[PDB]
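Colleague: One structure follows; several queries about it will come next.
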Number of protein chains: 2
Amino acid sequence: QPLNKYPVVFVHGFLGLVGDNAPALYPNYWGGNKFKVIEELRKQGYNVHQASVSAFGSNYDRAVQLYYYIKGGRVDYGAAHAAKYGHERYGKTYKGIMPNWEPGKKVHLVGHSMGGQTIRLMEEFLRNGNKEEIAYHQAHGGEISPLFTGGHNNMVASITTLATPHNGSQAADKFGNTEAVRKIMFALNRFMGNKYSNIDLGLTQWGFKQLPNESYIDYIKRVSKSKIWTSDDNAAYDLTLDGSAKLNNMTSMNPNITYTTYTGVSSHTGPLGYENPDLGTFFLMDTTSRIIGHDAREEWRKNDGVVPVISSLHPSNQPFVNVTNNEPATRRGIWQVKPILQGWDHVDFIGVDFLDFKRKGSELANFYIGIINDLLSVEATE
Amino acid sequence: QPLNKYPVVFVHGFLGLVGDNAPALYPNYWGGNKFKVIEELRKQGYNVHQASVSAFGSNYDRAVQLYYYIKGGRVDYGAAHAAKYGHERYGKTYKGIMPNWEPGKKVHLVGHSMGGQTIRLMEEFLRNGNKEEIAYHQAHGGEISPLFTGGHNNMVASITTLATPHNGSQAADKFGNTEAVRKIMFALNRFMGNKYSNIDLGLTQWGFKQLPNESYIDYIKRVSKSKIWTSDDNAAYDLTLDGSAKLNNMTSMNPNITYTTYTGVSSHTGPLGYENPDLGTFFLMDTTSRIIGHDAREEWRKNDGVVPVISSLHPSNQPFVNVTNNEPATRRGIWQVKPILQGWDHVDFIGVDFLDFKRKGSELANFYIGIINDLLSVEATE
Ligand SMILES: OC1(c2ccc(Cl)c(C(F)(F)F)c2)CCN(CCCC(c2ccc(F)cc2)c2ccc(F)cc2)CC1
Ligand SMILES: OC1(c2ccc(Cl)c(C(F)(F)F)c2)CCN(CCCC(c2ccc(F)cc2)c2ccc(F)cc2)CC1
Ligand SMILES: CCCCCCCCCCC(=O)O
Ligand SMILES: CCCCCCCCCCC(=O)O
Ligand SMILES: CCCCCCCC(=O)O
Ligand SMILES: CCCCCCCC(=O)O
Ligand SMILES: CCCCCC(=O)O
Ligand SMILES: CCCCCC(=O)O
Ligand SMILES: [Ca+2]
Ligand SMILES: [Ca+2]
Ligand SMILES: [Cl-]
Ligand SMILES: [Cl-]
Ligand SMILES: [Cl-]
Ligand SMILES: [Cl-]
Ligand SMILES: [Zn+2]
Ligand SMILES: [Zn+2]
């Protein structure tokens with residue numbers, strides 16, 4: 001039936017709210033009003049889906065969630081993890097987009113920003129399990145999620161990342177992951193946990209869901225005991241240079257996966273060799289783009305508004321090859337780095353910068369069809 | 001005390017809310033965060049004030065309000081006017097910025113956008129009165145506002161307009177003044193008339209103030225009988241080409257007043273000769289700028305986002321002279337048209353386009369100091 005034999009799953013980044021989980025008025029993550037990625041690709045007979053995972057969660061939490069989004073079932077963050085960081089072991093339960101998913105039946109994964117990292121970690125679990133959970137179920141018995149076992153191979157065909165901060169971002173180091181702003185993010189999570197809320201910002205495993213019979217004051221009190229406030233098991237940390245490195249150190253190349261990356265630049269070189277945001281950089285990334293572009297290390301300055309170019313091209317100590325826009329991106333085992341997209345900012349990739357006339361919908365539709373083509377190629381070269 | 005012998009009054013345009021009449025979070029009309037016009041000019045020892053008049057009212061209503069803003073007293077729209085259009089004769093009562101205002105004590109008037117038109121009409125009344133009101137107080141006796149008398153001369157030194165649609169705007173013709181959107185504007189006015197509201201959008205004379213003991217349902221009912229819904233005595237109409245023409249036809253040059261205009265361009269010529277908004281044009285003017293720039297008459301296309309250049313330069317049927325930036329603008333009796341400011345949009349003039357880094361505060365401060373200088377010149381060349 002569908003033109004693509006393996007389904008394509010699009011994995012949003014940090015703060016990503018998609019589908020039924022967005023506010024009443026809110027931009028549409030995958031494509032904005034420029035190109036309705038899911039709807040349009042479907043009209044053209046491609047099987048495509050958009051995952052919904054934790055907007056504020058760590059990559060670990062998101063990676064677990066992603067698995068359950070595809071496979072269906074009750075999120076199991078694993079007993080050891082839960083115990084280490086101090087959050088619920090079990091989480092939401094998902095219908096499952098592909099309940100038969102197992103070695104043999106494959107999926108294409110494309111991830112925007114932090115979605116890139118999430119995809120990589122999930123494949124890690126599939127192939128090589130989770131050591132701490134294997135170890136814990138060794139010592140203490142019990143049931144273990146298959147996700148954490150290892151040996152599940154031949155389940156992901158491609159990993160493709162749009163503006164992913166593979167090597168982290170100064171924006172996280174010097175802003176996002178600071179004390180003051182973590183407290184804000186957590187407060188937002190606390191609030192949207194109120195008994196009148198219909199959105200899930202993704203930190204409920206930490207106890208940010210008010211019980212229907214509990215006062216807001218008791219809620220505040222209950223939840224201020226949560227480890228979330230001082231924990232590292234959260235998105236803000238995973239986006240730092242340290243945080244991202246950790247994930248790099250614990251991942252490896254799957255030689256049957258077709259790995260490909262895209263990158264944007266949206267800064268320009270200023271008086272002293274520092275980088276400043278172009279007019280056209282979506283305005284909410286103004287300050288981050290300046291923090292990044294004023295980095296002491298010079299090669300860390302060119303940025304797309306929140307991710308510097310070094311960070312996006314490839315995870316820094318993994319194999320990569322520079323690639324052409326015309327040549328087929330068909331090499332397994334190595335990070336095929338597509339040429340930098342001049343004047344695309346972080347959010348241009350998902351078409352939500354309605355302020356930027358220079359980034360037209362027909363352009364964005366080419367880009368996504370581009371990606372589907374590459375994917376079709378991967379399918380045809382097995 | 002003050003470096004300027006005659007006070008400078010800045011008159012905001014359509015939708016203009018200033019001072020104590022703005023919402024909790026709301027941009028500051030005169031200068032935004034770029035250059036606090038009123039506060040800064042004062043720090044440098046200039047006597048300057050910001051008028052507060054009807055945001056949605058006709059030029060007539062605003063002109064009357066302006067007079068009372070300066071002079072102090074209870075707004076009197078005049079009995080014949082009130083009767084003709086079908087709205088309260090009396091309105092808010094103003095403390096008075098300048099209680100002694102009379103021939104001999106003069107004021108400098110600078111108006112942004114529709115503020116330009118309002119200033120023109122008020123001076124007309126001062127000099128040549130209102131015929132309808134003269135006539136009606138003839139037939140039916142009573143008291144008459146001094147504004148409508150005529151013969152009050154030598155009271156305004158200068159009229160200076162920033163991006164005023166002297167000849168109206170297609171944006172009004174094809175959008176602002178349509179049936180559907182007038183109804184929206186009026187609903188907003190109706191709502192902000194509620195008994196919990198602290199802002200005055202300027203249409204209360206039409207009955208849009210809920211009485212403290214009246215239900216919202218009775219309010220809706222009472223007010224749906226108001227002439228406002230189908231009247232022309234409103235801003236949206238006065239901003240149309242017809243509407244603006246009417247004011248042109250009934251105004252004339254006072255040869256002791258120093259008339260000066262500024263204009264912005266913020267569109268660029270496309271493939272087929274039509275004009276499109278530059279990146280940098282404040283985003284709320286996107287659609288208007290396209291409507292204007294796609295006009296059949298070609299000379300009506302270059303625009304600042306909502307006002308086409310033909311409209312801003314000078315009222316089309318009145319005397320004007322092109323001027324240089326250095327040429328001191330000191331000619332009485334004729335519209336001294338300053339050279340177009342390239343890449344200034346409608347709102348750049350008042351510094352509220354926080355999205356536009358290209359428009360710096362130091363630039364805006366020069367422009368305003370510019371204006372004060374010209375005014376000082378007018379003072380010194382009497
Ligand atoms: O700040 C971002 C970030 C990314 C990575 C890192 Cl590492 C960091 C860090 F480190 F600094 F914290 C920060 C995340 C979100 N930012 C703006 C969000 C846009 C928003 C939007 C976009 C897509 C949607 F589906 C829904 C809403 C929106 C709002 C209003 C609107 F009119 C249009 C769009 C861009 C970058
Ligand atoms: O729409 C406008 C118009 C003008 C003339 C005509 Cl003729 C027509 C018509 F009729 F054709 F439709 C329409 C009026 C106001 N528009 C945008 C409002 C700006 C707003 C602002 C401005 C001044 C303030 F003191 C405070 C806020 C604001 C909002 C948010 C923000 F982040 C910054 C500024 C621009 C043009
Ligand atoms: C009859 C009064 C209800 C008007 C409709 C809603 C207005 C909002 C009231 C604001 C507030 O209570 O702070
Ligand atoms: C408050 C000034 C009038 C602007 C109306 C047009 C804007 C609607 C387009 C949607 C958007 O703002 O993204
Ligand atoms: C991110 C802001 C959410 C918008 C709230 C407006 C709701 C409404 O008026 O229906
Ligand atoms: C098109 C109507 C505009 C008001 C609501 C949209 C706000 C948003 O961009 O989320
Ligand atoms: C940009 C429109 C301003 C209208 C003022 C208000 O809604 O209170
Ligand atoms: C928070 C983003 C700016 C305002 C968006 C809009 O009015 O469409
Ligand atoms: Ca952009
Ligand atoms: Ca601008
Ligand atoms: Cl939210
Ligand atoms: Cl499995
Ligand atoms: Cl919830
Ligand atoms: Cl009121
Ligand atoms: Zn966790
Ligand atoms: Zn009136």
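All residue names refer to the structure tokens as shown: chains lettered A, B, ... in order, residues numbered from 1 in each chain, ligands numbered from 1 in order.
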Output as a list in words the set of chain A residues within 9 Å of chain B, with distances taken over only C-alpha atoms.
Modeller: residues 279, 280, 283, 354, 355, 356, 357 and 358 of chain A
Colleague: Can I get the selected residues back with C-alpha atoms, as an mmCIF file, in the first residue's frame?
Modeller:
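Written file, part.cif:
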data_model
loop_
_atom_site.group_PDB
_atom_site.id
_atom_site.type_symbol
_atom_site.label_atom_id
_atom_site.label_comp_id
_atom_site.auth_asym_id
_atom_site.auth_seq_id
_atom_site.Cartn_x
_atom_site.Cartn_y
_atom_site.Cartn_z
ATOM 1 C CA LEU A 279 17.593 39.435 10.854
ATOM 2 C CA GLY A 280 15.412 36.456 10.087
ATOM 3 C CA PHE A 283 13.277 36.354 17.537
ATOM 4 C CA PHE A 354 6.087 32.810 10.299
ATOM 5 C CA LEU A 355 8.056 36.082 10.549
ATOM 6 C CA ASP A 356 10.545 34.859 7.860
ATOM 7 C CA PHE A 357 9.206 35.392 4.295
ATOM 8 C CA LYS A 358 12.602 34.316 2.897
#
Colleague: Any residue with an atom at most 8 Å from ligand 6 counts, using only C-alpha atoms and all ligand atoms. Which are they? Put them as a PyMOL selection string.
Modeller: chain A and resi 25-27
Colleague: May I ask you to write as a count of residues only all residues lying at most 7 Å from ligand 14, with only C-alpha atoms and all ligand atoms counted?
Modeller: 7
Colleague: Per residue of chain B within 7 Å of ligand 16, note the shortest atom pair and the distance in Å to one decimal, counting only C-alpha atoms and all ligand atoms, and order the rows by chain and increasing residue number, as CSV.
Modeller:
residue,atom,partner,partner_atom_place_in_ligand_line,distance
B:58,CA,ligand 16,1 (Zn),6.4
B:60,CA,ligand 16,1 (Zn),6.0
B:61,CA,ligand 16,1 (Zn),4.9
B:77,CA,ligand 16,1 (Zn),6.5
B:81,CA,ligand 16,1 (Zn),6.3
B:82,CA,ligand 16,1 (Zn),6.2
B:85,CA,ligand 16,1 (Zn),6.3
B:87,CA,ligand 16,1 (Zn),6.8
B:233,CA,ligand 16,1 (Zn),5.2
Colleague: Based on the selection just made, write N, CA and C atoms of those residues as an mmCIF file, in the first residue's frame.
Modeller:
data_model
loop_
_atom_site.group_PDB
_atom_site.id
_atom_site.type_symbol
_atom_site.label_atom_id
_atom_site.label_comp_id
_atom_site.auth_asym_id
_atom_site.auth_seq_id
_atom_site.Cartn_x
_atom_site.Cartn_y
_atom_site.Cartn_z
ATOM 1 N N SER B 58 -13.673 58.925 15.407
ATOM 2 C CA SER B 58 -13.455 59.728 14.215
ATOM 3 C C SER B 58 -12.427 60.818 14.518
ATOM 4 N N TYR B 60 -13.049 63.883 13.869
ATOM 5 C CA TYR B 60 -13.845 64.909 14.513
ATOM 6 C C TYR B 60 -13.765 64.735 16.028
ATOM 7 N N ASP B 61 -14.127 63.535 16.504
ATOM 8 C CA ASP B 61 -14.251 63.306 17.934
ATOM 9 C C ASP B 61 -12.888 63.547 18.593
ATOM 10 N N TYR B 77 -18.746 67.642 22.008
ATOM 11 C CA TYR B 77 -18.714 67.323 20.586
ATOM 12 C C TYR B 77 -19.574 68.297 19.771
ATOM 13 N N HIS B 81 -23.616 68.139 15.887
ATOM 14 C CA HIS B 81 -22.821 66.974 15.545
ATOM 15 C C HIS B 81 -23.455 65.756 16.211
ATOM 16 N N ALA B 82 -23.633 65.897 17.528
ATOM 17 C CA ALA B 82 -24.134 64.842 18.389
ATOM 18 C C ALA B 82 -25.450 64.331 17.820
ATOM 19 N N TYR B 85 -25.106 62.471 14.283
ATOM 20 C CA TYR B 85 -24.498 61.150 14.185
ATOM 21 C C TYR B 85 -25.105 60.185 15.193
ATOM 22 N N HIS B 87 -24.888 60.280 19.045
ATOM 23 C CA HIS B 87 -24.013 59.899 20.145
ATOM 24 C C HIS B 87 -24.033 61.044 21.153
ATOM 25 N N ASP B 233 -18.918 58.072 11.657
ATOM 26 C CA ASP B 233 -18.271 58.993 12.572
ATOM 27 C C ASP B 233 -17.310 58.182 13.442
#
Colleague: Show me, as JSON, numbers by chain, the residues that have an atom within 10 Å of residue 318 (chain A) when counting only C-alpha atoms, minus same-chain residues fewer than 5 positions from it.
Modeller: {"A": [248, 249, 251, 252, 253, 334, 335]}
Colleague: Between CA of residue 329 (chain A) and CA of residue 46 (chain A), measure the distance and give it in Å to one decimal.
Modeller: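 CA of residue 329 (chain A) sits 19.4 Å away from CA of residue 46 (chain A).
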Colleague: Listing only residues of chain A within 12 Å of ligand 15, what is the closest atom pair and its distance in Å (to one decimal) for each, using only C-alpha atoms and all ligand atoms, sorted by chain and residue number ascending, as CSV?
Modeller:
residue,atom,partner,partner_atom_place_in_ligand_line,distance
A:54,CA,ligand 15,1 (Zn),10.5
A:56,CA,ligand 15,1 (Zn),10.9
A:57,CA,ligand 15,1 (Zn),7.3
A:58,CA,ligand 15,1 (Zn),6.3
A:59,CA,ligand 15,1 (Zn),8.3
A:60,CA,ligand 15,1 (Zn),6.0
A:61,CA,ligand 15,1 (Zn),4.7
A:62,CA,ligand 15,1 (Zn),8.5
A:63,CA,ligand 15,1 (Zn),9.8
A:64,CA,ligand 15,1 (Zn),8.9
A:65,CA,ligand 15,1 (Zn),10.3
A:75,CA,ligand 15,1 (Zn),11.1
A:76,CA,ligand 15,1 (Zn),10.0
A:77,CA,ligand 15,1 (Zn),6.4
A:78,CA,ligand 15,1 (Zn),8.8
A:79,CA,ligand 15,1 (Zn),10.3
A:80,CA,ligand 15,1 (Zn),10.0
A:81,CA,ligand 15,1 (Zn),6.3
A:82,CA,ligand 15,1 (Zn),6.3
A:83,CA,ligand 15,1 (Zn),9.5
A:84,CA,ligand 15,1 (Zn),8.8
A:85,CA,ligand 15,1 (Zn),6.6
A:86,CA,ligand 15,1 (Zn),8.2
A:87,CA,ligand 15,1 (Zn),6.7
A:88,CA,ligand 15,1 (Zn),8.4
A:89,CA,ligand 15,1 (Zn),8.5
A:90,CA,ligand 15,1 (Zn),10.3
A:91,CA,ligand 15,1 (Zn),10.4
A:202,CA,ligand 15,1 (Zn),10.8
A:203,CA,ligand 15,1 (Zn),9.3
A:204,CA,ligand 15,1 (Zn),10.9
A:205,CA,ligand 15,1 (Zn),8.1
A:206,CA,ligand 15,1 (Zn),8.7
A:227,CA,ligand 15,1 (Zn),10.8
A:228,CA,ligand 15,1 (Zn),9.6
A:231,CA,ligand 15,1 (Zn),9.5
A:232,CA,ligand 15,1 (Zn),8.9
A:233,CA,ligand 15,1 (Zn),5.2
A:234,CA,ligand 15,1 (Zn),7.3
A:235,CA,ligand 15,1 (Zn),10.1
A:238,CA,ligand 15,1 (Zn),11.5
Colleague: Dump N, CA and C atoms for the selected residues as a tab-separated table (two decimals), in the first residue's frame?
Modeller:
chain	number	residue	atom	x	y	z
A	54	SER	N	8.36	13.40	26.13
A	54	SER	CA	8.53	14.38	27.19
A	54	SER	C	9.16	15.66	26.65
A	56	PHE	N	10.21	18.15	28.53
A	56	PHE	CA	11.23	18.67	29.44
A	56	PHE	C	12.09	17.53	29.98
A	57	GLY	N	11.72	16.29	29.66
A	57	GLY	CA	12.43	15.14	30.17
A	57	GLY	C	13.86	15.03	29.64
A	58	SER	N	14.67	14.25	30.35
A	58	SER	CA	15.98	13.85	29.88
A	58	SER	C	15.83	13.04	28.59
A	59	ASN	N	16.95	12.86	27.87
A	59	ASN	CA	17.01	12.02	26.69
A	59	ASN	C	16.71	10.58	27.09
A	60	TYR	N	17.17	10.17	28.28
A	60	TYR	CA	16.88	8.83	28.74
A	60	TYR	C	15.37	8.65	28.77
A	61	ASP	N	14.68	9.58	29.47
A	61	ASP	CA	13.25	9.40	29.69
A	61	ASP	C	12.55	9.37	28.33
A	62	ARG	N	12.96	10.28	27.43
A	62	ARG	CA	12.37	10.46	26.12
A	62	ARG	C	12.59	9.22	25.25
A	63	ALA	N	13.79	8.65	25.39
A	63	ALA	CA	14.17	7.48	24.62
A	63	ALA	C	13.29	6.31	25.03
A	64	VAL	N	13.03	6.20	26.34
A	64	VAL	CA	12.18	5.12	26.82
A	64	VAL	C	10.78	5.36	26.26
A	65	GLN	N	10.30	6.60	26.40
A	65	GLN	CA	8.97	6.99	25.94
A	65	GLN	C	8.82	6.72	24.45
A	75	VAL	N	5.04	2.83	29.80
A	75	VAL	CA	6.42	3.28	29.91
A	75	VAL	C	7.02	2.67	31.18
A	76	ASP	N	8.18	2.03	31.01
A	76	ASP	CA	8.97	1.49	32.12
A	76	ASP	C	10.36	2.10	32.05
A	77	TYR	N	10.63	3.12	32.88
A	77	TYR	CA	11.93	3.78	32.89
A	77	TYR	C	13.00	2.85	33.47
A	78	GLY	N	12.58	1.69	33.99
A	78	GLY	CA	13.51	0.75	34.57
A	78	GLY	C	13.79	1.05	36.05
A	79	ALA	N	13.83	-0.03	36.84
A	79	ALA	CA	13.86	0.03	38.29
A	79	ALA	C	15.11	0.75	38.82
A	80	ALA	N	16.26	0.47	38.20
A	80	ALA	CA	17.52	1.01	38.68
A	80	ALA	C	17.59	2.51	38.44
A	81	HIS	N	17.13	2.90	37.24
A	81	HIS	CA	17.13	4.29	36.82
A	81	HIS	C	16.29	5.09	37.83
A	82	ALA	N	15.07	4.58	38.02
A	82	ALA	CA	14.05	5.19	38.84
A	82	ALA	C	14.63	5.42	40.23
A	83	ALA	N	15.22	4.35	40.76
A	83	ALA	CA	15.82	4.34	42.09
A	83	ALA	C	16.98	5.32	42.16
A	84	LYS	N	17.85	5.35	41.14
A	84	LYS	CA	18.97	6.27	41.15
A	84	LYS	C	18.51	7.73	41.23
A	85	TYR	N	17.54	8.14	40.40
A	85	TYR	CA	17.30	9.57	40.21
A	85	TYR	C	16.13	10.05	41.06
A	86	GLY	N	15.26	9.11	41.44
A	86	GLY	CA	14.19	9.34	42.39
A	86	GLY	C	12.90	9.82	41.75
A	87	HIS	N	12.44	9.10	40.71
A	87	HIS	CA	11.20	9.39	40.01
A	87	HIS	C	10.49	8.06	39.75
A	88	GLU	N	9.20	8.11	39.45
A	88	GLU	CA	8.40	6.91	39.31
A	88	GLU	C	9.04	5.96	38.31
A	89	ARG	N	8.93	4.67	38.58
A	89	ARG	CA	9.44	3.72	37.62
A	89	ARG	C	8.50	3.61	36.41
A	90	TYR	N	7.18	3.66	36.63
A	90	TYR	CA	6.25	3.51	35.51
A	90	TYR	C	5.63	4.86	35.15
A	91	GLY	N	5.22	4.97	33.88
A	91	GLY	CA	4.74	6.23	33.34
A	91	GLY	C	3.49	6.04	32.47
A	202	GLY	N	5.60	16.66	30.55
A	202	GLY	CA	6.49	15.51	30.47
A	202	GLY	C	7.29	15.23	31.75
A	203	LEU	N	6.98	15.93	32.85
A	203	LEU	CA	7.70	15.70	34.10
A	203	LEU	C	6.79	15.10	35.18
A	204	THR	N	5.79	14.31	34.79
A	204	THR	CA	4.82	13.90	35.80
A	204	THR	C	5.41	12.78	36.65
A	205	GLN	N	6.34	12.01	36.07
A	205	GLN	CA	7.01	10.93	36.78
A	205	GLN	C	7.72	11.49	38.01
A	206	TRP	N	7.94	12.81	38.05
A	206	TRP	CA	8.60	13.46	39.16
A	206	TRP	C	7.59	13.89	40.21
A	227	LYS	N	13.03	15.05	43.73
A	227	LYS	CA	14.44	15.19	43.38
A	227	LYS	C	14.65	16.04	42.13
A	228	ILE	N	13.57	16.30	41.37
A	228	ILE	CA	13.65	17.03	40.11
A	228	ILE	C	14.44	18.34	40.27
A	231	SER	N	18.07	17.41	40.33
A	231	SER	CA	18.50	16.31	39.48
A	231	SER	C	19.04	16.79	38.14
A	232	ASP	N	19.68	15.85	37.45
A	232	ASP	CA	20.36	16.00	36.18
A	232	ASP	C	19.62	15.18	35.13
A	233	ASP	N	18.56	14.49	35.56
A	233	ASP	CA	17.83	13.59	34.69
A	233	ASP	C	16.74	14.41	34.01
A	234	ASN	N	17.16	15.42	33.25
A	234	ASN	CA	16.26	16.43	32.71
A	234	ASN	C	16.83	16.99	31.41
A	235	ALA	N	16.00	17.57	30.54
A	235	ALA	CA	16.47	18.06	29.25
A	235	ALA	C	17.54	19.15	29.38
A	238	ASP	N	20.93	17.55	29.70
A	238	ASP	CA	21.34	16.79	28.53
A	238	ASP	C	21.73	17.66	27.34
Colleague: Leaving out region 149-153 of chain B and any residue of its chain fewer than 6 positions from it, which residues lie within 8 Å of it when counting only C-alpha atoms, given as a list in words?
Modeller: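 Here the answer would be residues 102, 103, 125, 126, 127, 128, 129, 130 and 134 of chain B.
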Colleague: Once you have the residues from the selection above, write them out as a compact mmCIF listing (two decimals), in the first residue's frame, restricted to N, CA and C atoms.
Modeller:
# COMPACT_ATOMS: atom_id res chain seq x y z
N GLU B 102 -4.62 80.28 24.67
CA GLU B 102 -5.39 81.32 24.00
C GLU B 102 -4.48 81.95 22.94
N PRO B 103 -5.01 82.74 21.98
CA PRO B 103 -4.13 83.41 21.01
C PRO B 103 -2.97 84.06 21.75
N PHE B 125 -10.89 74.08 13.23
CA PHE B 125 -11.93 74.54 14.14
C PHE B 125 -11.48 75.81 14.84
N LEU B 126 -10.24 75.85 15.30
CA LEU B 126 -9.79 77.01 16.06
C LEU B 126 -9.90 78.27 15.20
N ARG B 127 -9.51 78.17 13.93
CA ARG B 127 -9.36 79.30 13.03
C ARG B 127 -10.70 79.70 12.42
N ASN B 128 -11.47 78.70 11.97
CA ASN B 128 -12.64 78.92 11.12
C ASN B 128 -13.90 78.27 11.69
N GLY B 129 -13.88 77.88 12.97
CA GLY B 129 -15.04 77.35 13.68
C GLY B 129 -15.72 76.17 12.98
N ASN B 130 -16.90 75.79 13.50
CA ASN B 130 -17.71 74.74 12.92
C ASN B 130 -19.04 75.34 12.48
N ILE B 134 -22.31 76.64 14.77
CA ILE B 134 -22.62 78.06 14.74
C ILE B 134 -24.10 78.22 14.37
Colleague: In Å, rounded to a single decimal, give me how far CA of residue 315 (chain A) is from CA of residue 165 (chain A).
Modeller: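 Interatomic distance, CA of residue 165 (chain A) to CA of residue 315 (chain A): 8.4 Å.
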Colleague: Got a sec: who's within 10 Å of residue 320 (chain B), counting only C-alpha atoms, leaving out chain neighbours fewer than 5 positions off, as a VMD selection string?
Modeller: chain B and resid 259 to 261 313 to 315 333 to 337
Colleague: Please give me, as a ChimeraX atom specification, the residues lying within 9 Å of ligand 2 when counting only C-alpha atoms and all ligand atoms.
Modeller: /B:12-18,22,26-32,113-114,164-165,168-177,235-240,282-285,288,305-307,346-347,350-355
Colleague: Identify, counting only C-alpha atoms and all ligand atoms, the protein, DNA and RNA residues located within 12 Å of ligand 3, and give them as number ranges by chain.
Modeller: B: 188, 190-198, 209-220
Colleague: Please save C-alpha atoms of the selected residues as a PDB file, in the first residue's frame.
Modeller:
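Just written: out28.pdb:
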ATOM      1  CA  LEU B 188     -13.858  44.953  21.422  1.00  0.00           C
ATOM      2  CA  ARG B 190     -18.345  46.932  23.757  1.00  0.00           C
ATOM      3  CA  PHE B 191     -16.401  44.416  25.852  1.00  0.00           C
ATOM      4  CA  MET B 192     -13.864  46.896  27.174  1.00  0.00           C
ATOM      5  CA  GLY B 193     -16.913  48.888  28.271  1.00  0.00           C
ATOM      6  CA  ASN B 194     -17.631  46.236  30.908  1.00  0.00           C
ATOM      7  CA  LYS B 195     -18.002  47.242  34.547  1.00  0.00           C
ATOM      8  CA  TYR B 196     -14.629  45.644  35.433  1.00  0.00           C
ATOM      9  CA  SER B 197     -12.653  47.547  32.761  1.00  0.00           C
ATOM     10  CA  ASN B 198     -10.119  50.295  33.508  1.00  0.00           C
ATOM     11  CA  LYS B 209     -20.013  51.724  29.070  1.00  0.00           C
ATOM     12  CA  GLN B 210     -21.945  49.045  31.049  1.00  0.00           C
ATOM     13  CA  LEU B 211     -23.900  50.605  33.970  1.00  0.00           C
ATOM     14  CA  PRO B 212     -22.876  49.235  37.387  1.00  0.00           C
ATOM     15  CA  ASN B 213     -26.239  47.552  38.044  1.00  0.00           C
ATOM     16  CA  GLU B 214     -26.894  46.311  34.481  1.00  0.00           C
ATOM     17  CA  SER B 215     -26.409  42.738  33.311  1.00  0.00           C
ATOM     18  CA  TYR B 216     -24.062  42.022  30.419  1.00  0.00           C
ATOM     19  CA  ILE B 217     -27.099  40.742  28.506  1.00  0.00           C
ATOM     20  CA  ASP B 218     -29.025  43.998  28.984  1.00  0.00           C
ATOM     21  CA  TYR B 219     -25.803  45.833  28.070  1.00  0.00           C
ATOM     22  CA  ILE B 220     -25.468  43.952  24.772  1.00  0.00           C
TER      23      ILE B 220
END
Colleague: Within 10 Å of residue 303 (chain B), counting only C-alpha atoms, which residues show up once you throw out same-chain ones fewer than 5 positions away? Write them as a PyMOL selection string, please.
Modeller: chain B and resi 163+169+263-268+275-277+288-290+292-293+308-312+344-346
Colleague: Which one of A:33, A:106, A:242, A:23 sits closest to ligand 5 if you count only C-alpha atoms and all ligand atoms?
Modeller: A:23
Colleague: Enter the distance from CA of residue 371 (chain B) to CA of residue 115 (chain B), in Å, rounded to one decimal.
Modeller: 15.9 Å
Colleague: In terms of the shortest atom-to-atom distance over only C-alpha atoms and all ligand atoms, which of A:301, A:42, A:182, A:105 is closest to ligand 12?
Modeller: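 For ligand 12, the nearest of the candidates is A:105.
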Colleague: I need the alpha helix (DSSP H) residues of region 291-374 of chain A per DSSP on the backbone, written as a ChimeraX atom specification.
Modeller: /A:291-293,309-313,361-374
Colleague: Using only C-alpha atoms and all ligand atoms, pick whichever of A:100, A:189, A:322, A:93 has the shortest atom-to-atom distance to ligand 11.
Modeller: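 Between A:100, A:189, A:322, A:93, the residue approaching ligand 11 most closely is A:189.
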Colleague: Env of residue 365 (chain A): 9 Å cut, atoms = only C-alpha atoms, seq-sep filter 5 positions within chain, self excluded. Answer as a CSV table (one decimal) with N, CA, C and O atoms, in the first residue's frame.
Modeller:
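What ended up in part_23.csv:
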chain,number,residue,atom,x,y,z
A,31,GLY,N,6.1,21.5,10.6
A,31,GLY,CA,5.9,22.1,9.3
A,31,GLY,C,5.2,23.5,9.4
A,31,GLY,O,5.2,24.2,8.4
A,34,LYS,N,3.7,26.4,6.9
A,34,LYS,CA,4.4,26.4,5.7
A,34,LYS,C,4.3,25.1,4.9
A,34,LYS,O,4.2,25.1,3.7
A,35,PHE,N,4.4,24.0,5.7
A,35,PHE,CA,4.3,22.7,5.0
A,35,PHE,C,3.9,21.6,6.0
A,35,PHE,O,4.6,21.3,6.9
A,36,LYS,N,2.6,21.2,5.9
A,36,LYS,CA,2.1,20.3,7.0
A,36,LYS,C,2.7,18.9,6.8
A,36,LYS,O,2.1,18.1,6.1
A,37,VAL,N,3.8,18.7,7.4
A,37,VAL,CA,4.6,17.5,7.1
A,37,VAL,C,3.8,16.3,7.2
A,37,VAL,O,3.8,15.5,6.2
A,40,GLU,N,0.6,16.2,4.6
A,40,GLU,CA,0.9,16.3,3.2
A,40,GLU,C,1.6,15.1,2.7
A,40,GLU,O,1.2,14.5,1.7
A,360,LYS,N,10.3,30.0,2.2
A,360,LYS,CA,9.0,29.8,1.7
A,360,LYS,C,8.6,28.3,1.9
A,360,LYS,O,9.4,27.4,2.1
A,370,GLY,N,12.7,15.8,-0.1
A,370,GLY,CA,14.1,15.4,-0.2
A,370,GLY,C,14.4,14.2,0.7
A,370,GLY,O,14.9,13.2,0.3
